[PDB]
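**Student:** Can you read through this structure? Questions will come right after.
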Amino acid sequence: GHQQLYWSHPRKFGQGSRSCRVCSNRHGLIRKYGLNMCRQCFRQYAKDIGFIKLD
Amino acid sequence: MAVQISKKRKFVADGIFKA
Amino acid sequence: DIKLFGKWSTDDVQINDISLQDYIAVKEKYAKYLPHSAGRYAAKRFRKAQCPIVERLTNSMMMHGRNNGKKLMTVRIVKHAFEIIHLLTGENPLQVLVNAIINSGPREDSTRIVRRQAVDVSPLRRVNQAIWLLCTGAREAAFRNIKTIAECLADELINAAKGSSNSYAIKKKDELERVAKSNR
Amino acid sequence: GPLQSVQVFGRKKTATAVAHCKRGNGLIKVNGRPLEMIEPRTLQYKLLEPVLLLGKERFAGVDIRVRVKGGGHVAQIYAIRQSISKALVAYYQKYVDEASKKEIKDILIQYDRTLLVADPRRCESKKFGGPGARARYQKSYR
Amino acid sequence: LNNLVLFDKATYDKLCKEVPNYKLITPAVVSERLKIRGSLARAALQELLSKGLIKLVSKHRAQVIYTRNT
Amino acid sequence: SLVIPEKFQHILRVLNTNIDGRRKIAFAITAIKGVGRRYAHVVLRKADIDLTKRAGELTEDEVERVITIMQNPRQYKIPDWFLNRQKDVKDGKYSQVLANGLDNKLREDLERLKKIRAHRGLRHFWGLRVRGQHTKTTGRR
Amino acid sequence: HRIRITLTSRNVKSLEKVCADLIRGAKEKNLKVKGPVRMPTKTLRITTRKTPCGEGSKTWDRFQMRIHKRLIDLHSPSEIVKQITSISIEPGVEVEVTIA
Amino acid sequence: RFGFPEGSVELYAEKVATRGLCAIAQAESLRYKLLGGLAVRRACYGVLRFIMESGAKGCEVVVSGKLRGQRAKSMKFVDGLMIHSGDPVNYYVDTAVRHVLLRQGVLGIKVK
Amino acid sequence: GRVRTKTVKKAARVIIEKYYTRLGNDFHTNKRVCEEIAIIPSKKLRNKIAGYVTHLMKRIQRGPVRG
Amino acid sequence: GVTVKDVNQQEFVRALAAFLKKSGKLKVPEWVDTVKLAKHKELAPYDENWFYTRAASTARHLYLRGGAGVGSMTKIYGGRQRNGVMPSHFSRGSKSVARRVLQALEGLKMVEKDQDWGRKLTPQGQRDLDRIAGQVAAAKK
RNA sequence: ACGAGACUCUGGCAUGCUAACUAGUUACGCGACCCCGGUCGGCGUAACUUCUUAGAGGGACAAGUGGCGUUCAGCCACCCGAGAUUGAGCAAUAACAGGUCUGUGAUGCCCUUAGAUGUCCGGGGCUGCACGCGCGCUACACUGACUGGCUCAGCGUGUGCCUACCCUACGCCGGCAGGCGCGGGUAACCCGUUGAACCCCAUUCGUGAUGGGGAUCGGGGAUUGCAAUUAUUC
């Protein structure tokens, strides 16, 4: 069947499994402290999260 | 919380919510 | 009380050259037990001059990359060198070092003021150049040889203090002064 | 008898060494082992310098336990060098007259400032665009 | 360097004769001036101290320094 | 004791291989192709041999003992994890293979991969890097 | 009876105002209080490239996020702490009361 | 969305006192003036005039994007005291960036 | 490079000009004068101003200053 | 009266290693001859009777700090894995040889597996250690 | 007036302050071992906060002294001192036909839109090699390599939303990679007193492409995964 082929290839690991929680894209991911949020998004929302440039 | 998230993760999760 | 390395009591040593007398810090005040110290001798300009010459030698030995910041390893080299100097000559190894630093420093050198005219040297320049030359002698001498660093460093300090011109330091020093006479 | 203990530290880098000057006889040791076997032996005299410059008679009435942690081998040696020195100067401040403490501070500072004053030098932070603080990655032209 | 690995009759008689009349006895010195390998020279100077002919000054992992008695 | 003994063999010929008598035994047997520093030391340990001796000194009845233990390492309790041909493809036996045999077994291993026309054997045939390198910038003869 | 309040905050002056109010809240009601233990502040760190593409000189931003933890022990009955901790909190601070 | 229980989250909707010193309030103000069909110059002076009369020490209204043709052009409207460097830029200047979709492209609005 | 900026000097001149009689030659007393008679938000700037104040007070002891 | 910490530790292990030799009841493995002491070593340990030496070393490492298990022993007997062409890294020792050494010192009543994991050193051991510390303290005069 | 500086963070100082069984020290008792004392990160409780953490303050200003200088700004040297330029972050007007449409449910226009340039699945490719260039890693050894022994860090991270995937002591099997049990930790609590490397000490080596170097290549053994051949890694 088509339902046996549509989503049957595993998405358990690798940068084809996890994605940005804004962009939905598969590159430059900040997985640290469970951000799960691409590096351009984090750089947009840093201020809003509580991340501050001091030193 | 029953899962009991880390304090590092909790304050980042609090920020992501606000964002 | 009494000093250097265990066994090379400082005062005894005469600095023959009254020109380098100030900047060869060996005697009376600079008598310390090791060639090791905290440092701060390279913070201000001439603070270098008030560093004991055995620490200067130790520092200038750890060179050609692989040795950088292996000071304890060259504290040891200079220790074993001073052993060899005393046994092979019969003098106070400090006196042999001071005599070498005096005889190994080029007294005038050429520079670009064309065909590069000759000028004089600072006494501190002579001490710096002397330490460099006889260490670069010891380092080159030992490379791909069964002879050790402490032997090569001893033999360079002897042949320099002796005034041999068989040393690397005295041959290059004569070579600098010879080029300097060639354009004065 | 009463408590004549003074607990004085010495830093020479990220190594903190705290020496403990009690009343008693002349035993000086570091984490329970005496100074004659603290490695490296290359810097044997560096620990004996306050013992040599002052003599055993200063450390006759005092016994010094030294706790050391942090830094590396040479930093820990310079830490304990500074600690037992500063700790005796602190013992001779409180538990004898300032005349003895003045006399001894003089003889130590005259030899090496670092016996009683900590070097404020610390490992400078690396910056991006290089392998360390000042050094940069190799620039390529053409 | 076409050095020797163990002693001849000649080079053993040369070592036993001449070495204890040196003001600087190192295995490097012995292993240059008698045309021998450093290991053979270190073994030789162990036996010459064992029989009690040469004075020890400082032994180290890197370099041993011996000399002669009178 | 430190003098050159009699019948001190400068040039030994063990498995038609010139062993230097001037070298120490554990580093002179290594001259034989198929035995390395780590094998030689364990071989000389199995036979009760002082390995501080030069390769010229030791006795020809004792070097025949050394050869027999190199050739048949299993029977003198050297493990199967220690040999340069473990679980062989044709006979299924764990065996150390030495110089002239090793050159034969390497030729056979390349010739086996060649005849079957496998990607590995084909890359050997073409004189290229086989263990999965990048040939763009290195291999540059 | 041994009740352990954990004050965790991003800001210091808001956390110092809250722990100062909980010392005044423990001194006025005259219950025995182990002082506010300053825990080692945790600097959460993210170092990204500034450039959304790869085509400038390799500049890096270095986003810190300091999180300060205090904790205060009280010798207080349960319902007394329920009254104290419910009064005058400011939204920067997270308060977790341990019963036992 | 966020997985809060039944009525354990309740919203309020309070009023901005002196809204001329809120940056994103005057950004969206300028955004919906331009999108409404007003001219760029008049709108920008209009915002800048309001936030000055509101009692702001200084203000900087930049409008970048495609103006009066194909080429992109940044019209900058400055007056009063405006700081850029140091820590005070955090807690003195209030910055806002907003996109606006015109039928030709995208203009960007910076109210500082 | 220990050159005082206009913010240091202007402040230090006005502080002498209006509160001359409260000042002296000691740095540490007129450091605490500058604390009271002015609202300076920095500690470093407070010291800079106190420092140049004391320098101008030594200059006034010699003779009259142009500014 | 002296303890092991007052004594030079370098010659102390050689003296304890000779004590375990003369005593001779440690139950050394069979593979001592063939085993390489870590994954970052190249060659077999040069001294044939290393097991006595590392038993001695483990003994006095347990004296100085208690509750050290097998994983702790691999940590203290670790060094550089010289990864040929790639940069060298920290590498832990052999899990087995640390486990056997501890089991040897546990067989001969010198250590005792401690509560909350790991081996401490039993008072009979602390005795034997300090008795030979006295021997070495006496020997160096 | 902006920019510079000021500012913010950070490094260095406080035997002054505020305090601590998720941090110690010192006393005391108990217990172990050696010949009263010494050792103990063996066990527990009585003061304190030096060590530890992090809060509030303080502290340094070319301030003191001598020189040089319109004797002005300032500069050099020296005392006292924890510092006599700690290091970063921030960043002006005006630009560039700099980069990014492959970061985006930022986007105009254009193309494509069921035989798709949507999308999924399978395989291959991105690694393919006469060659030329750039950032590098390892080296060329005896200031070393090998084998033992000895003894010291500081930043961090660590069990997830969808999301499976954490860091690991300790005990057994195995040479090793690794396996199997059972523990602890959502963390100053556990890994962890982070027993790191270099270094330090003692063997072997001996100027020989050598025990330097470890490329290349053969055979075997384990782990991650649905899958390793174009050798994942070990």
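Shown for chain E, in order and in Swiss-Prot numbering: 43-112.
Heads up, header says this was done by electron microscopy, 3.2 Å.
Cβ from N, Cα, C; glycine included.
Here Swiss-Prot flags E:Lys51, E:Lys93 as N6-succinyllysine, drawing on similarity to another entry. According to Swiss-Prot, the feature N6-acetyllysine maps to E:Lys51, E:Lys59, E:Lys65, E:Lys93, an assignment based on similarity to another entry.
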**Student:** Given a 10 Å Cβ-Cβ cut-off, pick out the one of the modified residues E:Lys51, E:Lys59, E:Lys65 that has the most other Cβ atoms nearby.
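**Tutor:** Of the modified residues E:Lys51, E:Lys59, E:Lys65, the most buried by Cβ count within 10 Å is E:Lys65.
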**Student:** Write out which of the listed modified residues, namely E:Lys51, E:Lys59, E:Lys65, E:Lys93, lie with a C-beta under 8 A from a C-beta of chain F, sequence order kept, or 'none'.
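**Tutor:** Near chain F: E:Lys51.
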**Student:** So, three-state DSSP: helix, strand or coil for E:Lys65 (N6-acetyllysine)?
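**Tutor:** In the DSSP reduction, E:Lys65 (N6-acetyllysine) maps to coil.
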**Student:** Measure from the Cβ of E:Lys93 (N6-succinyllysine) and count the other Cβ atoms within 10 Å, all protein chains considered.
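**Tutor:** So the Cβ neighbour count for E:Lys93 (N6-succinyllysine) comes to 8.
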**Student:** I need the CA-to-CA distance for E:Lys93 (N6-succinyllysine) versus E:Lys65 (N6-acetyllysine), whole Å please.
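**Tutor:** Each residue's Cα considered, E:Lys93 (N6-succinyllysine) and E:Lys65 (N6-acetyllysine) end up 18 Å apart.
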**Student:** Chain C sits near which of the modified residues E:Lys51, E:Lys59, E:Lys93, counting only a Cβ gap under 8 Å?
**Tutor:** none
**Student:** Which whole-number value in Å describes the distance between the Cα atoms of E:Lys51 (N6-succinyllysine) and E:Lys59 (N6-acetyllysine)?
**Tutor:** 12
**Student:** Would you kindly determine which modified residues in the set E:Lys51, E:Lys59, E:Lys65 have their Cβ under 8 angstroms from any Cβ of chain D, listing them in sequence order or replying 'none'?
**Tutor:** none
**Student:** List those modified residues among E:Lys51, E:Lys59, E:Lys65, E:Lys93 whose Cβ lies under 8 Å from any Cβ of chain A, in sequence order, or write 'none' if there are none.
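**Tutor:** Answer, by Cβ distance to chain A: none.
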**Student:** Any idea what the Cα distance is from E:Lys59 (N6-acetyllysine) over to E:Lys65 (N6-acetyllysine), rounded to a whole Å?
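**Tutor:** Between the alpha carbons of E:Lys59 (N6-acetyllysine) and E:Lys65 (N6-acetyllysine) there are 14 Å.
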